[PDB]
file target_32.txt (compact mmCIF, C-alpha atoms)
# COMPACT_ATOMS: atom_id res chain seq x y z
CA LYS A 1 158.84 181.43 -62.00
CA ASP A 2 157.44 184.68 -60.56
CA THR A 3 153.87 184.60 -61.86
CA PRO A 4 151.69 182.95 -59.19
CA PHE A 5 149.50 179.93 -59.83
CA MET A 6 147.98 176.99 -57.97
CA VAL A 7 146.98 174.97 -61.00
CA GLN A 8 145.53 171.48 -60.53
CA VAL A 9 146.39 168.62 -62.88
CA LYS A 10 144.66 165.26 -62.78
CA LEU A 11 146.68 162.11 -63.38
CA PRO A 12 145.02 158.91 -64.60
CA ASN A 13 146.16 155.35 -64.07
CA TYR A 14 147.58 153.83 -67.29
CA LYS A 15 149.73 150.70 -67.51
CA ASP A 16 153.33 151.45 -66.54
CA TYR A 17 153.75 154.65 -68.61
CA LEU A 18 152.24 157.03 -65.99
CA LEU A 19 151.91 160.10 -68.24
CA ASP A 20 150.96 161.06 -71.79
CA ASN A 21 152.92 162.28 -74.77
CA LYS A 22 149.63 164.02 -75.42
CA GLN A 23 150.09 165.74 -72.04
CA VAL A 24 153.72 165.79 -70.90
CA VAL A 25 155.13 169.24 -71.69
CA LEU A 26 152.13 171.04 -70.20
CA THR A 27 152.40 169.05 -67.00
CA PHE A 28 156.14 169.41 -66.80
CA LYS A 29 156.22 173.18 -67.29
CA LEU A 30 154.29 173.60 -64.05
CA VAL A 31 156.50 171.27 -62.05
CA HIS A 32 159.65 172.87 -63.41
CA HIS A 33 158.51 176.41 -62.73
CA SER A 34 156.55 175.82 -59.56
CA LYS A 35 157.67 176.24 -55.97
CA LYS A 36 155.37 174.01 -53.87
CA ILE A 37 153.47 171.07 -55.32
CA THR A 38 151.19 168.63 -53.56
CA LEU A 39 149.99 165.14 -54.37
CA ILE A 40 146.69 163.49 -53.46
CA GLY A 41 146.00 159.85 -54.13
CA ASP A 42 147.30 156.36 -53.55
CA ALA A 43 150.34 155.91 -51.35
CA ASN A 44 152.91 154.27 -53.61
CA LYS A 45 151.49 156.14 -56.60
CA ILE A 46 152.22 159.55 -55.09
CA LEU A 47 155.56 158.16 -53.92
CA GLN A 48 156.61 157.14 -57.40
CA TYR A 49 155.26 160.39 -58.83
CA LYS A 50 157.42 162.36 -56.42
CA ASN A 51 160.32 160.11 -57.40
CA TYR A 52 159.59 160.55 -61.10
CA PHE A 53 159.27 164.33 -60.96
CA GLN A 54 162.35 164.82 -58.79
CA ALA A 55 164.35 162.39 -60.90
CA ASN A 56 163.21 163.76 -64.24
CA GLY A 57 162.79 167.49 -64.08
CA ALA A 58 162.17 169.01 -60.69
CA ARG A 59 164.59 170.80 -58.41
CA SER A 60 165.70 170.40 -54.83
CA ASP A 61 163.49 172.99 -53.13
CA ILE A 62 159.94 172.15 -54.17
CA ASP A 63 158.94 170.66 -50.76
CA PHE A 64 156.60 168.00 -52.13
CA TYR A 65 153.50 167.92 -49.96
CA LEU A 66 151.98 164.44 -49.90
CA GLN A 67 148.53 163.71 -48.48
CA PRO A 68 147.54 160.12 -49.30
CA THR A 69 144.03 158.76 -49.66
CA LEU A 70 142.33 155.38 -50.10
CA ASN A 71 139.36 155.60 -52.49
CA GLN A 72 140.91 157.64 -55.29
CA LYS A 73 140.98 156.22 -58.80
CA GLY A 74 143.81 158.31 -60.18
CA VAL A 75 146.02 160.86 -58.47
CA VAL A 76 145.68 164.63 -58.54
CA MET A 77 148.49 167.16 -58.21
CA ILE A 78 148.38 170.85 -57.35
CA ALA A 79 151.33 173.00 -58.42
CA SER A 80 151.71 176.39 -56.75
CA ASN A 81 154.24 179.16 -57.27
CA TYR A 82 154.78 181.70 -54.54
CA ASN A 83 156.68 184.67 -55.89
CA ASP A 84 159.36 185.16 -53.18
CA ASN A 85 161.43 187.52 -55.36
CA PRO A 86 162.48 190.74 -53.62
CA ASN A 87 162.16 193.46 -56.29
CA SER A 88 158.53 194.59 -56.37
CA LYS A 89 156.33 191.57 -57.06
CA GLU A 90 152.74 192.52 -56.21
CA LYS A 91 149.48 190.73 -57.04
CA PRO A 92 147.20 192.43 -59.60
CA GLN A 93 143.89 193.31 -57.84
CA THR A 94 143.17 189.61 -56.94
CA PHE A 95 141.69 189.38 -60.51
CA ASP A 96 138.07 190.38 -60.11
CA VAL A 97 137.77 189.96 -63.87
CA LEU A 98 135.09 188.40 -66.04
CA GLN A 99 137.41 188.08 -69.03
CA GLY A 100 140.21 186.11 -67.39
CA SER A 101 140.14 183.19 -65.01
CA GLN A 102 141.68 183.80 -61.62
CA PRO A 103 145.15 182.24 -61.29
CA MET A 104 144.57 180.06 -58.27
CA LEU A 105 142.16 177.42 -59.57
CA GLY A 106 141.53 178.10 -63.22
CA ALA A 107 138.22 176.27 -63.84
CA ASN A 108 138.83 176.45 -67.57
CA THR A 109 135.60 176.89 -69.52
CA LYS A 110 136.59 177.23 -73.18
CA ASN A 111 136.19 175.84 -76.58
CA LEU A 112 136.07 179.23 -78.25
CA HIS B 1 169.64 164.16 -63.14
CA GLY B 2 170.12 162.18 -59.92
CA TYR B 3 168.26 159.32 -58.20
CA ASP B 4 168.66 160.29 -54.52
CA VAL B 5 165.50 158.65 -53.16
CA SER B 6 165.30 157.01 -49.71
CA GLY B 7 164.14 157.66 -46.17
CA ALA B 8 161.33 160.12 -46.96
CA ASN B 9 158.74 157.35 -47.29
CA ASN B 10 158.31 155.96 -43.77
CA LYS B 11 156.67 159.26 -42.85
CA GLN B 12 154.31 158.78 -45.78
CA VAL B 13 153.55 155.20 -44.72
CA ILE B 14 152.87 156.59 -41.23
CA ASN B 15 150.40 158.97 -42.88
CA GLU B 16 148.73 156.08 -44.72
CA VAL B 17 148.41 154.05 -41.54
CA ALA B 18 147.03 157.09 -39.72
CA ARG B 19 144.31 157.46 -42.36
CA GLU B 20 143.80 153.70 -41.99
CA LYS B 21 143.44 154.14 -38.23
CA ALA B 22 140.88 156.88 -38.79
CA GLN B 23 138.89 154.64 -41.14
CA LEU B 24 139.04 151.83 -38.58
CA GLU B 25 137.79 154.16 -35.86
CA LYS B 26 134.92 155.25 -38.12
CA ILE B 27 134.04 151.61 -38.83
CA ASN B 28 134.17 150.82 -35.10
CA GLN B 29 132.04 153.88 -34.36
CA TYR B 30 129.45 152.52 -36.78
CA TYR B 31 127.82 150.28 -34.21
CA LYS B 32 124.34 149.83 -32.80
CA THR B 33 125.03 146.96 -30.40
CA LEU B 34 127.87 147.94 -28.02
CA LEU B 35 127.99 150.52 -25.23
CA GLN B 36 125.51 153.40 -25.50
CA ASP B 37 123.95 154.80 -22.34
CA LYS B 38 120.36 153.62 -22.05
CA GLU B 39 117.51 153.52 -19.55
CA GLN B 40 117.73 151.67 -16.26
CA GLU B 41 115.90 148.57 -17.52
CA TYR B 42 118.61 148.09 -20.13
CA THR B 43 121.57 149.12 -18.00
CA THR B 44 120.85 147.04 -14.89
CA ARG B 45 120.44 143.96 -17.06
CA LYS B 46 123.72 144.96 -18.76
CA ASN B 47 125.65 145.34 -15.50
CA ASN B 48 124.20 142.06 -14.25
CA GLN B 49 125.34 140.23 -17.39
CA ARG B 50 128.83 141.67 -16.99
CA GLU B 51 129.02 140.62 -13.33
CA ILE B 52 127.47 137.14 -13.60
CA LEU B 53 129.59 136.58 -16.70
CA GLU B 54 132.88 137.55 -15.10
CA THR B 55 131.99 134.99 -12.45
CA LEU B 56 131.17 132.51 -15.24
CA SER C 1 81.39 160.55 -43.45
CA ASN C 2 81.67 160.56 -39.67
CA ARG C 3 79.31 157.56 -39.56
CA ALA C 4 81.46 155.60 -42.02
CA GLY C 5 84.49 156.68 -40.01
CA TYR C 6 82.78 155.40 -36.87
CA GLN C 7 82.01 152.05 -38.51
CA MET C 8 85.60 151.75 -39.80
CA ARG C 9 87.55 153.24 -36.86
CA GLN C 10 86.31 150.73 -34.28
CA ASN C 11 87.20 147.50 -35.98
CA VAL C 12 87.74 144.40 -33.86
CA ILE C 13 91.26 144.20 -35.30
CA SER C 14 92.17 147.81 -34.48
CA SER C 15 91.84 150.60 -31.90
CA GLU C 16 92.66 148.52 -28.84
CA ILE C 17 95.53 147.53 -26.53
CA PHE C 18 98.61 146.59 -28.53
CA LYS C 19 100.58 147.64 -25.46
CA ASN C 20 100.94 144.07 -24.23
CA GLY C 21 101.45 142.93 -27.83
CA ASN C 22 104.55 145.05 -28.21
CA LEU C 23 105.48 144.72 -24.53
CA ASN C 24 106.18 141.03 -25.10
CA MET C 25 108.27 141.99 -28.14
CA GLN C 26 110.14 144.46 -25.95
CA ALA C 27 110.70 141.76 -23.32
CA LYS C 28 112.13 139.27 -25.80
CA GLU C 29 114.24 142.09 -27.24
CA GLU C 30 115.68 142.76 -23.79
CA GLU C 31 116.30 139.05 -23.31
CA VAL C 32 118.14 138.61 -26.60
CA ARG C 33 120.17 141.72 -25.76
CA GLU C 34 120.89 140.07 -22.39
CA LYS C 35 122.16 136.89 -24.06
CA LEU C 36 124.00 139.03 -26.62
CA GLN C 37 125.96 140.75 -23.88
CA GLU C 38 126.42 137.34 -22.27
CA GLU C 39 128.17 136.03 -25.37
CA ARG C 40 129.90 139.43 -25.68
CA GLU C 41 131.61 140.00 -22.36
CA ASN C 42 132.31 136.38 -21.86
CA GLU C 43 135.24 137.49 -24.02
CA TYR C 44 135.25 141.29 -23.81

call {"tool": "encode", "arguments": {"input": "target_32.txt", "output": "structure tokens"}}
result
Amino acid sequence: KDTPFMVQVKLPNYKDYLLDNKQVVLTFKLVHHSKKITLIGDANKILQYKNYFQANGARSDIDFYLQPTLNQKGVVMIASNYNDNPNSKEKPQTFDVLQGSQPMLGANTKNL
Amino acid sequence: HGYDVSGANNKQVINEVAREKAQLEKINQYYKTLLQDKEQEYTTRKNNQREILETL
Amino acid sequence: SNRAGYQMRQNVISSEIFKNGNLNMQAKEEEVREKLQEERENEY
């Protein structure tokens, strides 16, 4: 809840189940621990995803940012976590690092 | 954990209709036939068709 | 090569006045644009 991220999760368009038990805990950890998430896609789809997240596991200060589109097969979400804790809470060198991926948009390239 | 969902959707529908309005303006801007300022041989014929046609 | 170019370049079908030939096309273009705006701002 203090480590910053702006991780982007795609969301496909199944029949009536709207997530995956393959991918449910990984995409709920970010919405539980995030602070500002945004939703890009179809109008009623991002509406019911805001409803589903707020009714299932979110909290009352996320400030869901919705920007709807038209030609978007699927719906993509971006979960961000500003720190906003008053102790020290500084960013480590904006991660100019070849080992790690920078924690704004991961661009995960891995099998090994 | 609490349903609590109403009223925050008309703003979103306003956003959808604003993107719809932008798409309609783009579609309307895709034209080759309507008003576009041309040479005098085109434009005098144009103004004459407007005038004779308002009389018609 | 310039002699063959001279025999080919001045054909009876080419290298002449197409200015009237496309001027009539331009005139009928202006006239169908005229009738197009007629049928347009009859109701615009």

call {"tool": "interface_residues", "arguments": {"input": "target_32.txt", "of": "chain B", "to": "chain A", "cutoff": "10 Å", "atoms": "all atoms listed in the file", "output": "PyMOL selection string"}}
result
chain B and resi 1-6+8-9+11-13+15-17+19-20+23

call {"tool": "closest_atom_pairs", "arguments": {"input": "target_32.txt", "of": "chain B", "to": "chain C", "cutoff": "10 Å", "atoms": "all atoms listed in the file", "output": "CSV"}}
result
residue,atom,partner,partner_atom,distance
B:33,CA,C:33,CA,8.5
B:34,CA,C:37,CA,8.5
B:41,CA,C:30,CA,8.6
B:42,CA,C:30,CA,7.1
B:45,CA,C:34,CA,6.6
B:46,CA,C:34,CA,6.7
B:47,CA,C:37,CA,9.6
B:48,CA,C:34,CA,9.0
B:49,CA,C:38,CA,5.8
B:50,CA,C:41,CA,6.3
B:51,CA,C:41,CA,9.4
B:52,CA,C:38,CA,8.7
B:53,CA,C:42,CA,5.8
B:54,CA,C:42,CA,6.9
B:55,CA,C:42,CA,9.5
B:56,CA,C:42,CA,7.8

call {"tool": "atom_distance", "arguments": {"input": "target_32.txt", "atom1": "CA of residue 12 in chain A", "atom2": "CA of residue 75 in chain A"}}
result
6.5 Å

call {"tool": "atom_distance", "arguments": {"input": "target_32.txt", "atom1": "CA of residue 39 in chain B", "atom2": "CA of residue 19 in chain C"}}
result
18.9 Å

call {"tool": "atom_distance", "arguments": {"input": "target_32.txt", "atom1": "CA of residue 104 in chain A", "atom2": "CA of residue 6 in chain A"}}
result
4.6 Å

call {"tool": "decode", "arguments": {"input": "target_32.txt", "residues": "chain C", "atoms": "C-alpha atoms", "output": "short mmCIF file (atom, residue, chain, number, x, y, z; two decimals), in the first residue's frame"}}
result
data_model
loop_
_atom_site.label_atom_id
_atom_site.label_comp_id
_atom_site.auth_asym_id
_atom_site.auth_seq_id
_atom_site.Cartn_x
_atom_site.Cartn_y
_atom_site.Cartn_z
CA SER C 1 17.49 7.18 -80.13
CA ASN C 2 16.50 10.80 -80.63
CA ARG C 3 15.17 9.89 -84.08
CA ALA C 4 13.01 7.09 -82.67
CA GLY C 5 11.92 9.49 -79.95
CA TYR C 6 11.01 12.01 -82.64
CA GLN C 7 8.98 9.42 -84.55
CA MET C 8 7.21 8.31 -81.35
CA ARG C 9 6.80 11.65 -79.54
CA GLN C 10 4.75 13.31 -82.29
CA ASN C 11 1.99 10.79 -82.71
CA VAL C 12 -1.34 11.93 -84.11
CA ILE C 13 -2.95 10.69 -80.89
CA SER C 14 -0.60 12.60 -78.57
CA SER C 15 1.31 15.86 -78.06
CA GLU C 16 -1.53 18.21 -78.92
CA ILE C 17 -4.32 20.28 -77.36
CA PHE C 18 -6.21 18.28 -74.76
CA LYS C 19 -7.03 21.63 -73.17
CA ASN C 20 -10.46 21.76 -74.78
CA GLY C 21 -10.86 18.02 -74.17
CA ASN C 22 -10.56 18.46 -70.42
CA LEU C 23 -12.14 21.93 -70.50
CA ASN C 24 -15.44 20.34 -71.52
CA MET C 25 -15.01 17.84 -68.67
CA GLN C 26 -14.39 20.77 -66.33
CA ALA C 27 -17.52 22.51 -67.63
CA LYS C 28 -19.75 19.49 -67.08
CA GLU C 29 -18.14 19.07 -63.66
CA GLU C 30 -19.10 22.64 -62.78
CA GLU C 31 -22.61 22.04 -64.08
CA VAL C 32 -23.16 18.87 -62.06
CA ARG C 33 -21.78 20.71 -59.02
CA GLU C 34 -24.28 23.47 -59.83
CA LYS C 35 -27.19 21.02 -59.90
CA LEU C 36 -25.76 19.31 -56.81
CA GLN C 37 -25.93 22.55 -54.85
CA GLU C 38 -29.37 23.10 -56.37
CA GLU C 39 -30.65 19.86 -54.87
CA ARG C 40 -28.62 20.66 -51.73
CA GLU C 41 -29.76 24.09 -50.63
CA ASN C 42 -33.24 23.55 -51.82
CA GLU C 43 -33.30 21.97 -48.35
CA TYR C 44 -30.19 23.30 -46.61
#
